[PDB]
Amino acid sequence: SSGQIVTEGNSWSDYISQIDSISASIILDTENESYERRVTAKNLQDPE
Amino acid sequence: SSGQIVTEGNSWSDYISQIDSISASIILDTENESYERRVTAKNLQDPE
Amino acid sequence: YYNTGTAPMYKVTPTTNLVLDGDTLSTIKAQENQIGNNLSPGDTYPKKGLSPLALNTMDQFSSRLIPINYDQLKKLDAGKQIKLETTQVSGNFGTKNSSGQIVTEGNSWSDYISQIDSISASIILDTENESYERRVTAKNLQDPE
Amino acid sequence: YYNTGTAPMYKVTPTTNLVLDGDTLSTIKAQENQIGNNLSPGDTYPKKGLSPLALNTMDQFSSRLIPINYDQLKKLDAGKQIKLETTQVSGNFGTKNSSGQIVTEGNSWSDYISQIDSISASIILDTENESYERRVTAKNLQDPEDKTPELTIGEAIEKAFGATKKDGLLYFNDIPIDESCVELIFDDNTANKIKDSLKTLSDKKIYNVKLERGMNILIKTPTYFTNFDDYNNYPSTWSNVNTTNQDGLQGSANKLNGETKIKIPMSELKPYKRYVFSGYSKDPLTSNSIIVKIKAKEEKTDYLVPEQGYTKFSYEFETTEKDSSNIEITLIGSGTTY
Amino acid sequence: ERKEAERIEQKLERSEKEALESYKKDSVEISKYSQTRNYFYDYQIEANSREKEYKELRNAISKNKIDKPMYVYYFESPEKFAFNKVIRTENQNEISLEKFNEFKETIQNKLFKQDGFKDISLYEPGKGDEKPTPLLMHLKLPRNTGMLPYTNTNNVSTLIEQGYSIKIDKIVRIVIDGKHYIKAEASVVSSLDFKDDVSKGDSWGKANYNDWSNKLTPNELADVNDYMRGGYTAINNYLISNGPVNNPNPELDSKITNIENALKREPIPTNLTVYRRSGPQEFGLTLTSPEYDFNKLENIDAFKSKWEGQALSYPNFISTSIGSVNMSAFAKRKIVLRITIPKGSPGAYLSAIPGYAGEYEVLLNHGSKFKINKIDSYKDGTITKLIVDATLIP
Amino acid sequence: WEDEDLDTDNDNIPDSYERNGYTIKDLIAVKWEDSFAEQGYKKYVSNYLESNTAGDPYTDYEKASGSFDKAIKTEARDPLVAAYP
Amino acid sequence: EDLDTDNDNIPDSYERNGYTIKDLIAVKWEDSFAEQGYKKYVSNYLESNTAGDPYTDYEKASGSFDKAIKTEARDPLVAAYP
Amino acid sequence: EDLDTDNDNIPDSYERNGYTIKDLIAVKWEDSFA
Ligand SMILES: [Ca+2]
Ligand SMILES: [Ca+2]
Ligand SMILES: [Ca+2]
Ligand SMILES: [Ca+2]
Ligand SMILES: [Ca+2]
Ligand SMILES: [Ca+2]
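Protein chains in written order, with the numbering used here: chain A, 2 to 49; chain B, 2 to 49; chain C, 4 to 148; chain D, -14 to 323; chain E, 3 to 396; chain F, 71 to 155; chain G, 1381 to 1462; chain H, 7 to 40.
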């Protein structure tokens, strides 16, 4: 909240699997540019 | 505590022996995929 | 590696001797390539059904092979064998931290080896399939306390 | 590695010298391959029944062998030997937590070695096949604010080696270690202090001298000893003894008209080692001398003139045979001495 | 666990950083201010130079919590467990069997509450730790409690704020490095309390007791309102004068029975603490009595000696104020009663209904029994007022 | 002193239980009654002046109650036998 | 009295005149104790570590150190030293 | 009742007889929940 940013010890590999497990991958491929996105999807098997 | 995920200092070898000591091994071998599970089994000689 | 006690060992790092006739050719502490992560009582590293591990490096970073003399090579080529003697083994035990997770870093059996061996009696049971080693605490009759 | 102290050492990392004639070829500090995890007092790493470890690397990561020159190789093959000396040993001690959680990392003995040596006296007991070394704290008289308790040499030995007092005399396990039943070896400073304190002392016994800092006392138990009272270690038998009176240091005379003979079969002595034959001789009244004959390698003759009290002669001999006939010592000379 | 501390200190902004820095060098005085804070007027609690410190320290402590109950350990003075004696002095080693016996009998069934910042640890007090008192208590914190560890120059210690009452089951004698200590096991009791949350207390009262009158016939509601509006100084005096024994009569017995039934109709769903500014005449003391003068220490000591651990009872209708701030109508009274109301106990909020029903007024059954746990005092200007930790007994 | 609530070594087992005999049920030390044997309970005794009778890193209560690594043999659960590889 | 200047949990008079350890508590020495295997200890009452080793006088006397240390190093005047 | 011996936020009776998680708080099992 004071504007300090720390990146040491904050690894993306701890979140890659969790993100990919509950997301749906959507890609937009336009001319000379591409985008990759992940959108959270509901699991209907789980009532909670 | 903050909702973050940490993987440094969390080793599976600390739990491998304990899991293997109190569990049973069940393997399901279907086509093009195999599943290995450990299910905890009760010790009858221990009243506690 | 094999275990015959009552407790498991983590990060098993033994030290061994190589003796030809009366010469200790080298003593090597296990490097990263020869460390067993788990070793349960009655188990074996590598597990039963797997091939033995190769011990062929002597330096800290596993980059220096184990050399022998020309005369020692002549002794080997005449039929003499090399014996292996384990002098000591390093390892860890698991406790629970403040949150209740099992931790093995910082816990060492070498801290307790001397204390256990000083106040105990050693009993070995030898059966055909396997043998068991135990330590049972004995009382010092000369100490009223 | 071996330990003769009272406390174990964890992670034993000694530094050694290699000397050929007058050169120090190298000084290697032990790497991970040559570190002993546990070393209990009286034990040995590697444990008894295991081959010695190999020390053949000199760098920090055990990747460089120990080289020598052409001249040193010629010296080595000429028959000259390389000696080894230990200069220091690094190790750890274990602090016990209230729950019994032993921790040894970060607990160095080198932080206490100098302080312990500064305020203590070293006492060594050199028995057969086993030795012990202790440090006993001593008081400093120059400082009035030092309140450590005072101990004499006898009390210091009794506390340091766990000696047992039977009748005022100290026994280690079943061996007498009283000052008259052993050999006391001091350095020059301790000898000067003992002599300057005995003349001031009243009872005139070494064990009653107050212990002081820097003293170096070495106690050696005898191979064979006789007091003619309750202890006989000699393998053979003396030719003629006399034990019918309360004389000597303790109730023993062993003197008559005849002369004493002993023949050690030499099968129970060291092959090439140098020995000393000691004792106490007394005459109530001034009399003749004593003809002491020793025959181990060459027969040496010495003349002994005793006094009103008891004195030690400690006549000295040499054996270099391991196969020859018996060892002959005689104490010719009569006149009702003790 | 300095790794976790450095992970959790970065998320603290500058204000929490300065609060913790001020705490680290002045822990004792900030804590001493923290126990006695909410009993002053509505003005002092906003015009001090440390109120912001207390607020931001509470914010920092409640920023991070614990997901499961875990044990904590610390040294507590026996003076906070209703023991005015000393068990074993600093230079002595062993404790007497007798002193153990009175110490155990003094805390048989008595709940004690703490309301200040304090330093606790998650480990047994091994070597390298200082030992203020011969008392040792192993405390069991529940789920979701304030937990903000901080680090010193070399070591790490934790800080929490207490808003609960703790009960000790058993005490034993233990030996730590050659000295005798008393080991107590205690648990944390959940409840609800509003030290200064006027808005939150009002919201809770209106949320619970808005539907209170919907179950009552209009005649009984009108009777209750009329009785609390016009005859509050009549029926209470009649009950105090021992009416049923001296002059039995049904015209007031009907009122007593109706009010008792209405108050017993609805018990609380959750434990709360109510504050009654008791008058000296209630304890049978008068403003001219030397024992009443609480300015001196000896009168406080005597009142504690003769009234701590004793029983109390209120033959009148009990009126309590949920607020902890000093009120104009009850300014001159030195004794504030800290009644702890456990679940299933009688009590109804009377401020949910419209109109000016009083000052957070709450009515309970007449003749109710009270248990006194501890008696402590604070500086109030020049005078010292009095707090009693009353307990409601069925 | 004469009562059954002394914990001189501070390991959650009273001195009398350690001297005479005890067992663990519901993670609480209780007196040993001989009828417990037919139910499969084991009778334990241990040093009441030492928190680790056998010298291993686990206390007498931890060993007796089985509040340690599940991979350790059940023989090492009584305080007189050391958990030792 | 109950004075303890070095804070090693042994009273000054006890250290000065003699003491023994029983039930983890320092008590005065009596002549009848020596027949039961007890030992009489005297130590510096102005130093917590009389012998200069990493163990205090109470720790040495009580035996609350490593069990592998020799028994003769349990008195405060003989140092535990490898 | 309200007894939690192992301190894992689930009461002992629920663990013995069966439970389920709704809104991150454990509740008694009922055959309708299946
Ligand atoms: Ca004699
Ligand atoms: Ca106990
Ligand atoms: Ca115990
Ligand atoms: Ca002292
Ligand atoms: Ca001292
Ligand atoms: Ca549970």
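Even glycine gets a Cβ: it sits at the ideal position worked out from N, Cα and C.
If you drop the 5 nearest sequence neighbours on each side, which residues of the same chain put their C-beta closer than 7 Å to that of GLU1427 of chain G?
As a first step, residue 1427 of chain G must be located in the seventh sequence, where it is residue number 47. Non-local C-beta neighbours of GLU1427 of chain G in its own chain, meaning closer than 7 Å and more than five positions away in sequence, comprise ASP1386, ordered along the chain.
My assumption, with CB atoms under 8 Å, is that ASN77 of chain D sits in contact with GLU90 of chain D. Please give the rounded CB distance.
In the fourth sequence, the residue the question calls residue 77 of chain D occupies position 92. In the fourth sequence, the residue the question calls residue 90 of chain D occupies position 105. The pair is a contact, with the Cβ atoms about 7 Å apart (cut-off 8 Å).
If we cut at 8 Å on Cβ distances, does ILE6 of chain B have a partner in chain F?
Position 5 of the second sequence, counted from the first residue, corresponds to residue 6 of chain B. Closer than 8 Å: no.
Spell out whether any CB of chain B is found under 8 Å from the CB atom of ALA124 of chain F.
Numbered from 1 along the sixth sequence, position 54 holds the residue referred to as residue 124 of chain F. Residue-level contact check: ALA124 of chain F does not touch chain B, since none of the beta carbons of chain B fall below 8 Å from its beta carbon.
Contact check, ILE312 of chain D vs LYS280 of chain D, beta carbons under 8 Å
The sequence position of residue 312 of chain D within the fourth sequence is 327, counting from 1. The sequence position of residue 280 of chain D within the fourth sequence is 295, counting from 1. When the beta-carbon positions are compared, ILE312 of chain D and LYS280 of chain D come within less than 8 Å of each other.
Could you have a look at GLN66 of chain D and say whether DSSP puts it in helix, strand or coil?
Within the fourth sequence, the letter at position 81 stands for residue 66 of chain D. In the three-state DSSP reduction, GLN66 of chain D falls in the coil class, being neither helix nor strand.
For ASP30 of chain B, name the three-state secondary structure that DSSP assigns.
Within the second sequence, the letter at position 29 stands for residue 30 of chain B. DSSP places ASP30 of chain B in the strand class (E or B) of the three-state scheme.
With 7 Å as the limit, tell me which residues of the region 36 to 49 of chain C have their beta carbon closer than that to any beta carbon of chain B; keep them in chain order.
Cβ contacts with chain B come from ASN40, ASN41, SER43.
Using a threshold of 8 Å, state whether the C-beta atoms of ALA7 of chain E and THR153 of chain E are closer than that.
Walking along the fifth sequence from the start, residue 7 of chain E turns up at place 5. Walking along the fifth sequence from the start, residue 153 of chain E turns up at place 151. Yes; because the gap between Cβ atoms is below 8 Å, this pair is in contact.
Which residue marks the beginning of the alpha helix (DSSP H) containing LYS26 of chain E, and which one marks its end?
Numbered from its first residue, the fifth sequence carries residue 26 of chain E at position 24. Where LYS26 of chain E is concerned, the enclosing alpha helix (DSSP H) starts and stops at 16 to 27.
Please tell me whether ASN1389 of chain G and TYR1438 of chain G are closer than 8 Å, where the distance is taken between their beta carbons.
Here residue 1389 of chain G corresponds to residue number 9 of the seventh sequence, with the count starting at 1. Here residue 1438 of chain G corresponds to residue number 58 of the seventh sequence, with the count starting at 1. In this structure, the beta-carbon distance from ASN1389 of chain G to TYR1438 of chain G falls below 8 Å.
List, from N- to C-terminal side, the beta strand (DSSP E) runs of 3 residues or more that fit wholly inside the region 203 to 259 of chain E.
For the region 203 to 259 of chain E, not a single whole beta strand (DSSP E) run of length 3 or above is found.
Closer than 7 Å by beta-carbon distance: list the chain E residues that pair up with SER2 of chain A, in chain order.
Taking the first residue of the first sequence as 1, we reach residue 2 of chain A at position 1. Simply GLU15.
I need the straight-line Cα distance from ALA134 of chain F to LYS101 of chain F, nearest angstrom please.
As a position in the sixth sequence, residue 134 of chain F is number 64, starting the count at 1. As a position in the sixth sequence, residue 101 of chain F is number 31, starting the count at 1. Approximately 14 Å between the Cα atoms of the pair.
Is there a Cβ from chain C that is less than 8 Å from the Cβ of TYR16 of chain B?
Counted from its first residue, the second sequence places residue 16 of chain B at position 15. Output row for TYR16 of chain B: interface = yes.
If you count every other CB in all the chains shown that lies within 10 Å of the CB of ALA141 of chain C, and 16 or more means buried, which is it?
Against the third sequence, residue 141 of chain C aligns to sequence position 138. Label assigned to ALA141 of chain C: exposed.
Would you mind listing the beta strand (DSSP E) stretches within the region 25 to 97 of chain D that are 3+ residues and don't spill past its ends, in chain order?
Complete beta strand (DSSP E) runs here, min 3: 68 to 77.
Tell me whether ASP75 of chain F counts as near ligand 3, meaning its Cβ is closer than 7 Å to at least one heavy atom of that ligand.
Within the sixth sequence, residue 75 of chain F is the residue found at index 5, counting from 1. No - ligand 3 has no heavy atom lying nearer than 7 Å to the Cβ of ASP75 of chain F.
Using only Cβ atoms and a threshold of 6 Å, which residues come within that distance of a heavy atom of ligand 1? Order them by chain position.
Going down the chain, each residue whose beta-carbon is closer than 6 Å to a heavy atom of ligand 1 shows up: D:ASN212, D:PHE213, D:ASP214, D:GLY233, D:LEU234, D:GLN235, D:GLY236, D:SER237.
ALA99 of chain F, DSSP secondary structure in three states:
As a working note, residue 99 of chain F is residue 29 in the sixth sequence. Note: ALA99 of chain F maps to strand in three-state DSSP.
Report the residues of the region 111 to 138 of chain E with a CB closer than 9 Å to any CB of chain C, ordered along the chain.
Considering only beta carbons, the part of the region 111 to 138 of chain E lying closer than 9 Å to chain C consists of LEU124, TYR125, in chain order.
Compute the beta-carbon to beta-carbon distance between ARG120 of chain D and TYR1425 of chain G, rounded to the nearest angstrom, for a pair I have assumed lies under 8 Å.
Taking the first residue of the fourth sequence as position 1, residue 120 of chain D is located at position 135. Taking the first residue of the seventh sequence as position 1, residue 1425 of chain G is located at position 45. With 8 Å as the limit, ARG120 of chain D and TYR1425 of chain G do not qualify as a contact, their Cβ atoms being about 21 Å apart.
So with Cβ pairs under 8 Å, would you call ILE242 of chain E a contact of chain D?
Along the fifth sequence, one-based indexing puts residue 242 of chain E at 240. Cβ-Cβ to chain D under 8 Å: no for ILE242 of chain E.
For the pair the region 358 to 378 of chain E and the region 244 to 254 of chain E, tell me if three or more CB-CB distances fall below 8 Å.
Because the criterion of three Cβ pairs below 8 Å is not met, the region 358 to 378 of chain E and the region 244 to 254 of chain E do not touch.
Beta-carbon distances below 7 Å to any heavy atom of ligand 5 define the shell here; list its residues in chain order, please.
Any residue whose Cβ sits closer than 7 Å to a heavy atom of ligand 5 makes the list: G:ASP1386, G:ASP1388, G:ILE1390, G:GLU1395, G:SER1423, G:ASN1424, G:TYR1425, G:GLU1427, G:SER1428, G:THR1430, G:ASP1437, G:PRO1456.
Starting from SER1393 of chain G, trace the alpha helix (DSSP H) in both directions and tell me its first and last residue.
Along the seventh sequence, read from residue 1 onward, the residue named residue 1393 of chain G stands at position 13. Counting along the chain, the unbroken alpha helix (DSSP H) around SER1393 of chain G starts and ends at 1392 to 1397.
Terminal residues of the continuous alpha helix (DSSP H) containing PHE102 of chain E?
On the fifth sequence, position 100 is the one that residue 102 of chain E refers to. Unbroken alpha helix (DSSP H) run through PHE102 of chain E: 99 to 108.
Contact list for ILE119 of chain C against chain F, beta-carbon separation under 8 Å:
By one-based count along the third sequence, residue 119 of chain C stands at place 116. Within chain F, the residues near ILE119 of chain C are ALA124, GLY125, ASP126, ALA152, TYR154.
State yes or no: is the beta carbon of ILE385 of chain E nearer than 8 Å to at least one beta carbon in chain D?
To locate residue 385 of chain E, count along the fifth sequence from 1; it is residue 383. Not one chain D Cβ lies under 8 Å of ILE385 of chain E.
Quick check on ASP179 of chain E - is its C-beta less than 8 Å from some C-beta in chain G?
Against the fifth sequence, residue 179 of chain E aligns to sequence position 177. Closer than 8 Å to some Cβ of chain G, the Cβ of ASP179 of chain E qualifies, so yes.
Along the region 160 to 191 of chain E, where does the CB come closer than 8 Å to a CB of chain F? Name the residues.
Residues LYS172, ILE173, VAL174, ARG175, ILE176, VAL177, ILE178, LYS185.
Separation of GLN19 of chain D from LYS14 of chain C, as counted between CA atoms
On the third sequence, position 11 is the one that residue 14 of chain C refers to. On the fourth sequence, position 34 is the one that residue 19 of chain D refers to. Cα to Cα, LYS14 of chain C sits roughly 19 Å from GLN19 of chain D.
Residue burial classification, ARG147 of chain F (beta-carbon count within 10 angstroms, cutoff 16):
Reading the sixth sequence from its first residue, position 77 is the one you call residue 147 of chain F. Buried, since its Cβ has 16 or more Cβ neighbours within 10 Å.
Tell me the rounded alpha-carbon separation between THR(-9) of chain D and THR1451 of chain G.
Translated into the one-based positions of the fourth sequence, residue -9 of chain D becomes position 6. Translated into the one-based positions of the seventh sequence, residue 1451 of chain G becomes position 71. Inter-residue distance for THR(-9) of chain D and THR1451 of chain G is about 8 Å (C-alpha atoms, whole angstroms).
Any idea what DSSP makes of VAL190 of chain E, helix, strand or coil?
Here residue 190 of chain E is taken as the residue at index 188 of the fifth sequence, counted from 1. DSSP places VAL190 of chain E within a strand segment (E or B) once states are collapsed to three.
Are there three or more Cβ pairs, one per stretch, closer than 8 Å when the region 128 to 144 of chain D is compared with the region 207 to 216 of chain D?
Segments in contact, no.
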